[PDB]
Structures are given as structure tokens and as C-alpha cells.
file start00.cif (mmCIF, C-alpha atoms)
data_entry
loop_
_atom_site.label_atom_id
_atom_site.label_comp_id
_atom_site.auth_asym_id
_atom_site.auth_seq_id
_atom_site.Cartn_x
_atom_site.Cartn_y
_atom_site.Cartn_z
CA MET P 1 -10.35 -9.70 -18.05
CA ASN P 2 -7.61 -7.99 -20.08
CA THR P 3 -9.63 -7.58 -23.22
CA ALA P 4 -10.93 -3.99 -22.95
CA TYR P 5 -9.76 -1.92 -25.89
CA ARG P 6 -11.05 0.81 -28.18
CA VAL P 7 -10.18 1.82 -31.71
CA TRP P 8 -10.41 5.15 -33.40
CA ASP P 9 -11.03 4.69 -37.11
CA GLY P 10 -10.67 8.43 -37.61
CA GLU P 11 -14.29 9.51 -37.58
CA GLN P 12 -15.69 7.67 -34.59
CA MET P 13 -14.61 5.82 -31.44
CA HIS P 14 -15.09 2.05 -31.17
CA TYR P 15 -15.45 0.16 -27.90
CA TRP P 16 -14.60 -3.56 -27.67
CA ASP P 17 -18.06 -4.45 -26.31
CA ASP P 18 -19.87 -2.72 -29.18
CA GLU P 19 -22.10 -5.30 -30.85
CA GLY P 20 -20.41 -7.20 -33.68
CA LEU P 21 -16.91 -5.78 -33.31
CA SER P 22 -13.97 -8.13 -33.00
CA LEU P 23 -10.33 -7.12 -32.89
CA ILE P 24 -7.74 -9.17 -34.75
CA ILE P 25 -4.04 -8.86 -34.01
CA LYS P 26 -1.76 -10.45 -36.62
CA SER P 27 1.57 -12.30 -36.43
CA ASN P 28 3.30 -9.27 -37.92
CA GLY P 29 2.00 -6.99 -35.18
CA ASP P 30 -0.67 -5.45 -37.41
CA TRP P 31 -4.19 -5.10 -36.05
CA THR P 32 -7.60 -4.85 -37.71
CA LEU P 33 -11.00 -3.93 -36.31
CA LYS P 34 -13.79 -6.08 -37.75
CA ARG P 35 -17.57 -5.84 -37.62
CA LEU P 36 -20.14 -8.57 -38.26
CA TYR P 37 -22.91 -7.34 -40.57
CA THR P 38 -24.72 -10.43 -41.88
CA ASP P 39 -22.64 -13.60 -41.80
CA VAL P 40 -19.79 -11.54 -43.24
CA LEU P 41 -16.93 -9.97 -41.27
CA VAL P 42 -16.39 -6.40 -42.45
CA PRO P 43 -13.14 -4.38 -42.17
CA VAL P 44 -14.02 -1.19 -40.29
CA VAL P 45 -10.53 0.28 -39.97
CA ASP P 46 -6.98 -1.07 -39.92
CA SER P 47 -3.52 -0.40 -38.46
CA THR P 48 -1.95 0.43 -41.85
CA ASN P 49 -4.18 3.52 -41.68
CA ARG P 50 -1.77 5.92 -39.97
CA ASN P 51 -4.70 8.08 -38.87
CA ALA P 52 -6.32 5.30 -36.87
CA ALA P 53 -5.50 4.25 -33.31
CA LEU P 54 -5.82 1.29 -30.91
CA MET P 55 -6.03 2.02 -27.14
CA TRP P 56 -6.08 -0.60 -24.41
CA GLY P 57 -8.18 -0.44 -21.29
CA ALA P 58 -6.95 -1.00 -17.78
CA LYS P 59 -9.32 -2.12 -15.08
CA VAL P 60 -8.70 0.29 -12.20
CA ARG P 61 -11.12 1.84 -9.71
CA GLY P 62 -13.52 -0.84 -10.91
CA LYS P 63 -13.62 1.08 -14.18
CA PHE P 64 -11.76 0.97 -17.50
CA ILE P 65 -9.60 3.90 -18.61
CA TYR P 66 -7.77 3.91 -21.94
CA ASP P 67 -5.90 7.00 -23.25
CA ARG P 68 -8.31 9.63 -21.99
CA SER P 69 -8.08 13.18 -20.65
CA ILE P 70 -9.03 13.31 -16.98
CA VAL P 71 -9.62 15.82 -14.21
CA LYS P 72 -7.43 15.10 -11.18
CA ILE P 73 -8.98 17.07 -8.30
CA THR P 74 -7.27 16.87 -4.91
CA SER P 75 -9.36 15.13 -2.27
CA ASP P 76 -8.36 18.02 -0.02
CA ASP P 77 -10.12 21.16 -1.38
CA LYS P 78 -9.32 22.70 -4.80
CA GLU P 79 -5.76 22.42 -3.53
CA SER P 80 -5.10 20.58 -6.75
CA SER P 81 -6.91 19.91 -10.00
CA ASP P 82 -5.72 19.51 -13.56
CA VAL P 83 -6.40 18.06 -16.96
CA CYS P 84 -3.76 15.47 -17.83
CA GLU P 85 -3.75 12.94 -20.64
CA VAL P 86 -3.66 9.30 -19.53
CA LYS P 87 -0.73 7.57 -21.23
CA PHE P 88 0.29 3.91 -21.40
CA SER P 89 4.08 3.69 -21.29
CA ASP P 90 6.82 1.68 -19.54
CA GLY P 91 4.19 -0.91 -18.71
CA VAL P 92 1.99 1.48 -16.77
CA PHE P 93 -0.99 3.77 -17.34
CA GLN P 94 0.40 7.00 -15.94
CA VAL P 95 -0.67 10.63 -15.52
CA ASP P 96 1.01 13.95 -14.68
CA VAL P 97 0.65 14.38 -10.94
CA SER P 98 2.33 17.75 -10.45
CA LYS P 99 -0.76 18.60 -8.41
CA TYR P 100 5.56 13.18 -7.87
CA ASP P 101 5.31 14.11 -11.55
CA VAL P 102 3.97 10.87 -12.99
CA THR P 103 2.25 7.89 -11.36
CA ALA P 104 -0.11 5.03 -12.11
CA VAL P 105 -3.66 6.32 -12.51
CA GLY P 106 -4.71 3.57 -10.11
CA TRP P 107 -2.14 4.76 -7.58
CA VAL P 108 -3.36 8.36 -7.33
CA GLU P 109 -3.29 8.65 -3.54
CA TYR P 110 -4.83 11.88 -2.24
CA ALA P 111 -6.94 12.57 -5.32
CA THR P 112 -10.08 11.64 -7.22
CA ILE P 113 -9.82 11.04 -10.98
CA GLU P 114 -12.71 11.63 -13.38
CA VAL P 115 -12.63 10.83 -17.10
CA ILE P 116 -13.87 13.76 -19.20
CA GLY P 117 -12.81 12.70 -22.69
CA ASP P 118 -9.92 11.64 -24.92
CA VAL P 119 -7.16 13.23 -26.99
CA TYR P 120 -8.98 12.16 -30.16
CA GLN P 121 -12.49 13.52 -29.55
CA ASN P 122 -11.39 16.47 -27.37
CA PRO P 123 -8.04 17.59 -28.87
CA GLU P 124 -8.63 21.01 -27.34
CA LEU P 125 -9.48 19.99 -23.77
CA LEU P 126 -5.84 20.07 -22.69
CA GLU P 127 -5.93 23.84 -22.05
CA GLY P 128 -7.14 27.05 -20.41
CA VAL P 129 -8.59 26.04 -17.01
CA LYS P 130 -10.43 28.45 -14.70
CA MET X 1 3.23 -1.43 -31.65
CA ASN X 2 0.80 -2.03 -28.78
CA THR X 3 0.41 -5.65 -29.74
CA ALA X 4 2.80 -8.02 -27.95
CA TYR X 5 1.11 -10.95 -26.24
CA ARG X 6 1.64 -14.66 -25.54
CA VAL X 7 -0.88 -17.41 -24.85
CA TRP X 8 -0.42 -20.54 -22.80
CA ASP X 9 -2.68 -23.17 -24.37
CA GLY X 10 -2.18 -25.63 -21.52
CA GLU X 11 0.82 -27.50 -22.90
CA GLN X 12 2.94 -24.91 -24.73
CA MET X 13 3.56 -21.15 -24.89
CA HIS X 14 2.65 -19.16 -28.02
CA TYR X 15 4.17 -15.77 -28.88
CA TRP X 16 2.48 -13.21 -31.15
CA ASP X 17 5.35 -13.21 -33.62
CA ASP X 18 5.18 -17.00 -34.27
CA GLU X 19 4.31 -17.68 -37.93
CA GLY X 20 0.57 -17.58 -38.67
CA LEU X 21 -0.80 -16.87 -35.19
CA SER X 22 -3.67 -14.43 -35.00
CA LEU X 23 -5.30 -13.44 -31.71
CA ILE X 24 -9.04 -12.76 -31.89
CA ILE X 25 -10.84 -10.64 -29.30
CA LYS X 26 -14.63 -11.01 -29.46
CA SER X 27 -17.31 -8.56 -28.35
CA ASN X 28 -18.23 -10.64 -25.33
CA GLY X 29 -14.63 -10.19 -24.23
CA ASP X 30 -13.62 -13.72 -25.17
CA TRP X 31 -10.45 -14.34 -27.13
CA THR X 32 -9.26 -17.08 -29.44
CA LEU X 33 -5.81 -17.96 -30.68
CA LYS X 34 -6.07 -18.84 -34.37
CA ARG X 35 -3.34 -20.13 -36.70
CA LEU X 36 -3.25 -20.04 -40.50
CA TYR X 37 -2.09 -23.36 -41.98
CA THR X 38 -2.22 -23.29 -45.79
CA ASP X 39 -4.77 -20.47 -46.08
CA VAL X 40 -7.22 -21.99 -43.62
CA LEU X 41 -7.69 -20.35 -40.21
CA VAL X 42 -7.34 -23.10 -37.60
CA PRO X 43 -8.02 -22.59 -33.86
CA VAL X 44 -5.31 -23.26 -31.26
CA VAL X 45 -7.01 -22.22 -28.02
CA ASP X 46 -9.88 -20.26 -26.50
CA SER X 47 -10.53 -18.29 -23.38
CA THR X 48 -12.97 -21.13 -22.65
CA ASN X 49 -10.17 -23.55 -21.81
CA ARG X 50 -9.64 -22.32 -18.25
CA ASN X 51 -6.15 -23.87 -18.33
CA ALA X 52 -4.98 -21.49 -21.08
CA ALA X 53 -4.12 -17.86 -20.43
CA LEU X 54 -3.72 -14.59 -22.39
CA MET X 55 -0.72 -12.49 -21.25
CA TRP X 56 0.02 -9.02 -22.64
CA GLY X 57 3.44 -7.52 -23.05
CA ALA X 58 4.85 -4.09 -22.31
CA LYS X 59 8.04 -2.61 -23.66
CA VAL X 60 10.26 -1.47 -20.79
CA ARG X 61 14.03 -0.95 -20.93
CA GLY X 62 13.97 -1.95 -24.59
CA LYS X 63 12.76 -5.47 -23.84
CA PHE X 64 9.11 -6.57 -23.94
CA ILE X 65 7.91 -8.08 -20.66
CA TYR X 66 4.76 -10.22 -20.21
CA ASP X 67 3.53 -11.89 -16.97
CA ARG X 68 6.64 -13.89 -16.01
CA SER X 69 9.14 -14.49 -13.17
CA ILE X 70 12.18 -12.24 -12.82
CA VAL X 71 15.15 -11.90 -10.49
CA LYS X 72 15.53 -8.37 -9.14
CA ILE X 73 19.19 -7.88 -8.16
CA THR X 74 20.42 -4.64 -6.57
CA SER X 75 22.54 -2.48 -8.88
CA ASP X 76 24.52 -1.97 -5.67
CA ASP X 77 25.81 -4.84 -3.53
CA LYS X 78 24.12 -8.23 -3.82
CA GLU X 79 22.59 -7.37 -0.43
CA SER X 80 19.26 -7.40 -2.24
CA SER X 81 17.96 -10.06 -4.60
CA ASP X 82 14.65 -11.87 -5.10
CA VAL X 83 12.79 -14.01 -7.61
CA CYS X 84 9.50 -12.17 -8.19
CA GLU X 85 6.47 -12.66 -10.40
CA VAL X 86 5.34 -9.84 -12.68
CA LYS X 87 1.58 -9.38 -12.35
CA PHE X 88 -0.40 -7.01 -14.53
CA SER X 89 -2.95 -5.48 -12.18
CA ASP X 90 -4.56 -2.02 -11.80
CA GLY X 91 -3.13 -0.73 -15.07
CA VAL X 92 0.45 -1.37 -14.08
CA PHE X 93 2.96 -4.17 -14.57
CA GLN X 94 3.93 -4.27 -10.91
CA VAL X 95 6.54 -6.49 -9.27
CA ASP X 96 7.38 -7.11 -5.61
CA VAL X 97 10.33 -5.04 -4.45
CA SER X 98 9.82 -5.73 -0.74
CA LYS X 99 13.36 -7.13 -0.68
CA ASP X 100 10.89 1.59 1.23
CA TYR X 101 8.60 0.10 -1.44
CA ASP X 102 6.48 -3.07 -1.34
CA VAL X 103 5.59 -3.23 -5.03
CA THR X 104 6.31 -0.91 -7.92
CA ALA X 105 6.10 -0.67 -11.70
CA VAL X 106 8.65 -3.01 -13.28
CA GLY X 107 9.71 -0.15 -15.54
CA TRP X 108 10.18 2.02 -12.47
CA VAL X 109 12.61 -0.23 -10.58
CA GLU X 110 15.28 2.29 -9.57
CA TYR X 111 18.28 0.83 -7.71
CA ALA X 112 18.42 -2.70 -9.13
CA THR X 113 18.36 -4.82 -12.29
CA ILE X 114 15.65 -7.09 -13.65
CA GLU X 115 16.27 -10.36 -15.48
CA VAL X 116 13.51 -12.59 -16.80
CA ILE X 117 14.24 -16.27 -16.17
CA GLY X 118 10.87 -17.82 -16.91
CA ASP X 119 7.12 -17.60 -16.31
CA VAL X 120 4.48 -18.91 -13.94
CA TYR X 121 3.23 -21.41 -16.51
CA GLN X 122 6.41 -23.15 -17.67
CA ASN X 123 8.40 -22.67 -14.48
CA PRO X 124 6.07 -23.11 -11.49
CA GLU X 125 7.87 -23.75 -8.19
CA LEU X 126 10.66 -21.44 -9.35
CA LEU X 127 10.07 -19.04 -6.45
CA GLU X 128 11.82 -21.02 -3.60
CA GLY X 129 14.94 -22.35 -1.98
CA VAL X 130 17.26 -19.51 -2.82
CA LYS X 131 20.85 -19.56 -2.39
CA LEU X 132 22.95 -17.11 -0.69
CA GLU X 133 26.49 -16.45 0.43
#
call {"tool": "encode", "arguments": {"input": "start00.cif", "output": "C-alpha cells"}}
result
Amino acid sequence: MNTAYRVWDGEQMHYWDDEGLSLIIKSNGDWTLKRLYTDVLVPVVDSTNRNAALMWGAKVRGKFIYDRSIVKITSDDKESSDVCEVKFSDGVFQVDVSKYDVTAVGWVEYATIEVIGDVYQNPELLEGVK
Amino acid sequence: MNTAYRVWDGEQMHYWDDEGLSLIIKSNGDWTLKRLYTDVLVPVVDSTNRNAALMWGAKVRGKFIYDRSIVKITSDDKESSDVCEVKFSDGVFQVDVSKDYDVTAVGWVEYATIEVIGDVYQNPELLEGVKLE
């Protein structure tokens, strides 16, 4: 299933499976997240809102990643670890693996990847390790 | 705009930009291709019809690529060509490069060129008999 997605209305994160939500992509490329209250579909957020965001999910490692921040710790020891933002570009969910430089998140060979957040809800996480 | 998609409804292919088409993703993960006639939303296909299929697109090398067939031809000598199907699996639009890599990201093909010539739905049996010389 290639339906997993999540929208950020600006205040909170929205996951595709949330009850009532339904995503609607329009002929002009616009998108609109809709919720079902009673028998009425209600506009939660919408693409014309430049603060909002739509992130797709990739099934990989039996899980779904989207546009998160993750901790890539080498399977070896502590030989490598990092916090790199998962990006979707060039037709592939990639991550900085300078611990190549970029590679599919589902192709991380000698490492274990763990989602710890997302650029929206953890804007600060991309810094100061120890 | 993370939005490009196309749906095969069993008989014909539908692209996101076609007038009045609206793709609807439901909470249970189902999808439905709708189409606005006058100002009435009219269904075209569902995820229920197991014949139909939802294919996403990715922008790579300026062009948008969905889940079609392409002919990878070496940027070098024609001592490397192949008609290969683009599958979207594991978070990457991979394509067979077997003819030091078996498969790779279509946007990461290094030494050759890619040219879409059709898709698995409207051009089945397009992956054989291949001339050479």
C-alpha cells in the first residue's frame, strides 16, 4: 500500500490512519486534508497554507518513515552514529550516510536506523550530540 | 509539488493533471479516483477494483516518472542497453541496471540515459525480443 502520508497543519501532526481524516489531491496539484465530524467533511488544513506540509510514507524495514530525523548508529560499535533528516528527493527517501554521503534509508547496509522525531516537531534535534 | 500520480482504471490511464480528477485517500488506506462533471463529484475507480492501480510519480532529471517501462542506454557505447520496469519499492524508485550494480535508484543512474517508452499496464509484453547489432 502506497497510501501512508502525514500532514502538518502547523500546530499538530496528522497521520493518514487517524480516524476520519481523508486526503484529497486536486487536478491542479493542490491538496487538502479533510476530517469527518458528523456527516460533514471538514477542512482541517490546506496546501495554499504555506506553513502547512504534506509528507509521504515509504514502507521500509516493515515500517513507515516520512520526513523524520533519525539516529543512524553503526551496527559495529559506536563507530558511527548521527542525526540526519530523512528527505524524499530524486525519487528516493535518502539520508546523510557520512558515518557514501547519501543513500536510500532502506539501503543502509552496516547500520541500524531509529526514528526519533521530525523537522517540524523537533526543529532543534539536528544538533549538539554527545 | 509532491502530488503527481496516475491511475489505471482497468481500461484507460488517468493522470493527475487531467481536468476535474481528484484522488481521494481514505483513513482505511483505500483510495478513489473522483471526477467533477458539472459540479457533481463522480467516481471513476476505487482501490476495490483489483484491476485498477495507483502509481505515484517522482521528479527526477526534470521529468516526472511513475511506475513504467524505460530503456536504459549507456551514455558510452551502445554496449549496454535494456528495457526495464521502474518499480517503487522500499522507499526508492529502483530500476534494474544489471545490464557492478543490480538495481539502483532511477535518479541515480550514472553512466547511461533513461527514456520512458510506456508502462506495465498499457504496454505489457514490451520487455522481450530485443534487437541488436
call {"tool": "atom_distance", "arguments": {"input": "start00.cif", "atom1": "atom CA of residue X:121", "atom2": "atom CA of residue X:47"}}
result
15.7 Å
call {"tool": "residues_around", "arguments": {"input": "start00.cif", "residues": "residue P:55", "least_positions_apart": "5", "cutoff": "7 Å", "atoms": "all atoms listed in the file", "output": "MDAnalysis selection string"}}
result
chainID P and resid 5:7 66:67
call {"tool": "write_last_selection", "arguments": {"input": "start00.cif", "atoms": "C-alpha atoms", "output": "PDB file, keeping the file's coordinate frame"}}
result
ATOM      1  CA  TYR P   5      -9.760  -1.920 -25.890  1.00  0.00           C
ATOM      2  CA  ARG P   6     -11.050   0.810 -28.180  1.00  0.00           C
ATOM      3  CA  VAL P   7     -10.180   1.820 -31.710  1.00  0.00           C
ATOM      4  CA  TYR P  66      -7.770   3.910 -21.940  1.00  0.00           C
ATOM      5  CA  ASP P  67      -5.900   7.000 -23.250  1.00  0.00           C
TER       6      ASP P  67
END
call {"tool": "interface_residues", "arguments": {"input": "start00.cif", "of": "chain P", "to": "chain X", "cutoff": "7 Å", "atoms": "all atoms listed in the file", "output": "PDB file with C-alpha atoms, keeping the file's coordinate frame"}}
result
ATOM      1  CA  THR P   3      -9.630  -7.580 -23.220  1.00  0.00           C
ATOM      2  CA  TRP P  16     -14.600  -3.560 -27.670  1.00  0.00           C
ATOM      3  CA  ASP P  17     -18.060  -4.450 -26.310  1.00  0.00           C
ATOM      4  CA  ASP P  18     -19.870  -2.720 -29.180  1.00  0.00           C
ATOM      5  CA  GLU P  19     -22.100  -5.300 -30.850  1.00  0.00           C
ATOM      6  CA  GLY P  20     -20.410  -7.200 -33.680  1.00  0.00           C
ATOM      7  CA  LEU P  21     -16.910  -5.780 -33.310  1.00  0.00           C
ATOM      8  CA  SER P  22     -13.970  -8.130 -33.000  1.00  0.00           C
ATOM      9  CA  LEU P  23     -10.330  -7.120 -32.890  1.00  0.00           C
ATOM     10  CA  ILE P  24      -7.740  -9.170 -34.750  1.00  0.00           C
ATOM     11  CA  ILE P  25      -4.040  -8.860 -34.010  1.00  0.00           C
ATOM     12  CA  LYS P  26      -1.760 -10.450 -36.620  1.00  0.00           C
ATOM     13  CA  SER P  27       1.570 -12.300 -36.430  1.00  0.00           C
ATOM     14  CA  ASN P  28       3.300  -9.270 -37.920  1.00  0.00           C
ATOM     15  CA  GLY P  29       2.000  -6.990 -35.180  1.00  0.00           C
ATOM     16  CA  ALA P  58      -6.950  -1.000 -17.780  1.00  0.00           C
ATOM     17  CA  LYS P  59      -9.320  -2.120 -15.080  1.00  0.00           C
ATOM     18  CA  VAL P  60      -8.700   0.290 -12.200  1.00  0.00           C
ATOM     19  CA  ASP P  90       6.820   1.680 -19.540  1.00  0.00           C
ATOM     20  CA  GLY P  91       4.190  -0.910 -18.710  1.00  0.00           C
ATOM     21  CA  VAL P  92       1.990   1.480 -16.770  1.00  0.00           C
ATOM     22  CA  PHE P  93      -0.990   3.770 -17.340  1.00  0.00           C
ATOM     23  CA  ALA P 104      -0.110   5.030 -12.110  1.00  0.00           C
ATOM     24  CA  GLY P 106      -4.710   3.570 -10.110  1.00  0.00           C
TER      25      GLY P 106
END
call {"tool": "resolve_selection", "arguments": {"input": "start00.cif", "expression": "the PyMOL selection byres ((chain P and resi 98) around 12)", "output": "ChimeraX atom specification"}}
result
/P:72-74,79-84,95-97,99-103,108,111
call {"tool": "atom_distance", "arguments": {"input": "start00.cif", "atom1": "atom CA of residue P:8", "atom2": "atom CA of residue P:54"}}
result
6.5 Å
call {"tool": "resolve_selection", "arguments": {"input": "start00.cif", "expression": "the PyMOL selection byres ((chain X and resi 98) around 12)", "output": "number ranges by chain"}}
result
X: 72, 80-84, 94-97, 99-104, 109
call {"tool": "atom_distance", "arguments": {"input": "start00.cif", "atom1": "atom CA of residue X:42", "atom2": "atom CA of residue X:118"}}
result
28.1 Å
call {"tool": "closest_residue", "arguments": {"input": "start00.cif", "among": "X:46, X:40, X:86, X:112", "to": "residue X:69", "atoms": "all atoms listed in the file"}}
result
X:86
call {"tool": "build_atoms", "arguments": {"input": "start00.cif", "residues": "stretch 56-71 of chain P", "atoms": "N, CA, C and O atoms", "output": "PDB file, keeping the file's coordinate frame"}}
result
ATOM      1  N   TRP P  56      -5.664   0.455 -25.319  1.00  0.00           N
ATOM      2  CA  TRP P  56      -6.080  -0.600 -24.410  1.00  0.00           C
ATOM      3  C   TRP P  56      -6.706  -0.034 -23.136  1.00  0.00           C
ATOM      4  O   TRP P  56      -6.468   1.115 -22.733  1.00  0.00           O
ATOM      5  N   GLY P  57      -7.530  -0.862 -22.513  1.00  0.00           N
ATOM      6  CA  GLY P  57      -8.180  -0.440 -21.290  1.00  0.00           C
ATOM      7  C   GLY P  57      -7.592  -1.151 -20.091  1.00  0.00           C
ATOM      8  O   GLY P  57      -7.237  -2.322 -20.149  1.00  0.00           O
ATOM      9  N   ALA P  58      -7.461  -0.420 -18.997  1.00  0.00           N
ATOM     10  CA  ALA P  58      -6.950  -1.000 -17.780  1.00  0.00           C
ATOM     11  C   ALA P  58      -8.116  -1.007 -16.798  1.00  0.00           C
ATOM     12  O   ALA P  58      -8.895  -0.054 -16.737  1.00  0.00           O
ATOM     13  N   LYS P  59      -8.274  -2.098 -16.068  1.00  0.00           N
ATOM     14  CA  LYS P  59      -9.320  -2.120 -15.080  1.00  0.00           C
ATOM     15  C   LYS P  59      -8.632  -1.486 -13.862  1.00  0.00           C
ATOM     16  O   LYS P  59      -7.560  -1.916 -13.426  1.00  0.00           O
ATOM     17  N   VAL P  60      -9.230  -0.419 -13.356  1.00  0.00           N
ATOM     18  CA  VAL P  60      -8.700   0.290 -12.200  1.00  0.00           C
ATOM     19  C   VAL P  60      -9.808   1.208 -11.673  1.00  0.00           C
ATOM     20  O   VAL P  60     -10.419   1.989 -12.422  1.00  0.00           O
ATOM     21  N   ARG P  61     -10.071   1.082 -10.374  1.00  0.00           N
ATOM     22  CA  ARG P  61     -11.120   1.840  -9.710  1.00  0.00           C
ATOM     23  C   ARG P  61     -12.431   1.204 -10.186  1.00  0.00           C
ATOM     24  O   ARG P  61     -13.463   1.875 -10.320  1.00  0.00           O
ATOM     25  N   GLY P  62     -12.358  -0.101 -10.451  1.00  0.00           N
ATOM     26  CA  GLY P  62     -13.520  -0.840 -10.910  1.00  0.00           C
ATOM     27  C   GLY P  62     -13.972  -0.430 -12.293  1.00  0.00           C
ATOM     28  O   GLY P  62     -14.916  -0.996 -12.845  1.00  0.00           O
ATOM     29  N   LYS P  63     -13.299   0.573 -12.851  1.00  0.00           N
ATOM     30  CA  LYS P  63     -13.620   1.080 -14.180  1.00  0.00           C
ATOM     31  C   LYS P  63     -12.559   0.651 -15.204  1.00  0.00           C
ATOM     32  O   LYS P  63     -11.677  -0.168 -14.921  1.00  0.00           O
ATOM     33  N   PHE P  64     -12.666   1.225 -16.396  1.00  0.00           N
ATOM     34  CA  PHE P  64     -11.760   0.970 -17.500  1.00  0.00           C
ATOM     35  C   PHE P  64     -11.353   2.336 -18.018  1.00  0.00           C
ATOM     36  O   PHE P  64     -12.220   3.139 -18.356  1.00  0.00           O
ATOM     37  N   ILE P  65     -10.061   2.627 -18.052  1.00  0.00           N
ATOM     38  CA  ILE P  65      -9.600   3.900 -18.610  1.00  0.00           C
ATOM     39  C   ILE P  65      -8.826   3.434 -19.821  1.00  0.00           C
ATOM     40  O   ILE P  65      -8.539   2.241 -19.923  1.00  0.00           O
ATOM     41  N   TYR P  66      -8.478   4.332 -20.738  1.00  0.00           N
ATOM     42  CA  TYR P  66      -7.770   3.910 -21.940  1.00  0.00           C
ATOM     43  C   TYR P  66      -6.597   4.795 -22.403  1.00  0.00           C
ATOM     44  O   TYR P  66      -5.453   4.359 -22.456  1.00  0.00           O
ATOM     45  N   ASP P  67      -6.900   6.032 -22.776  1.00  0.00           N
ATOM     46  CA  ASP P  67      -5.900   7.000 -23.250  1.00  0.00           C
ATOM     47  C   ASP P  67      -6.644   8.347 -23.234  1.00  0.00           C
ATOM     48  O   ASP P  67      -6.488   9.221 -24.099  1.00  0.00           O
ATOM     49  N   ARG P  68      -7.459   8.479 -22.194  1.00  0.00           N
ATOM     50  CA  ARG P  68      -8.310   9.630 -21.990  1.00  0.00           C
ATOM     51  C   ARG P  68      -7.654  10.887 -21.405  1.00  0.00           C
ATOM     52  O   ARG P  68      -6.447  10.930 -21.132  1.00  0.00           O
ATOM     53  N   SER P  69      -8.482  11.922 -21.266  1.00  0.00           N
ATOM     54  CA  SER P  69      -8.080  13.180 -20.650  1.00  0.00           C
ATOM     55  C   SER P  69      -8.865  13.020 -19.352  1.00  0.00           C
ATOM     56  O   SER P  69      -9.980  12.487 -19.363  1.00  0.00           O
ATOM     57  N   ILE P  70      -8.298  13.433 -18.230  1.00  0.00           N
ATOM     58  CA  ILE P  70      -9.030  13.310 -16.980  1.00  0.00           C
ATOM     59  C   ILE P  70      -8.821  14.521 -16.094  1.00  0.00           C
ATOM     60  O   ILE P  70      -7.876  15.284 -16.287  1.00  0.00           O
ATOM     61  N   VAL P  71      -9.724  14.709 -15.139  1.00  0.00           N
ATOM     62  CA  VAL P  71      -9.620  15.820 -14.210  1.00  0.00           C
ATOM     63  C   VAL P  71      -9.192  15.258 -12.856  1.00  0.00           C
ATOM     64  O   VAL P  71      -9.948  14.531 -12.206  1.00  0.00           O
TER      65      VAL P  71
END
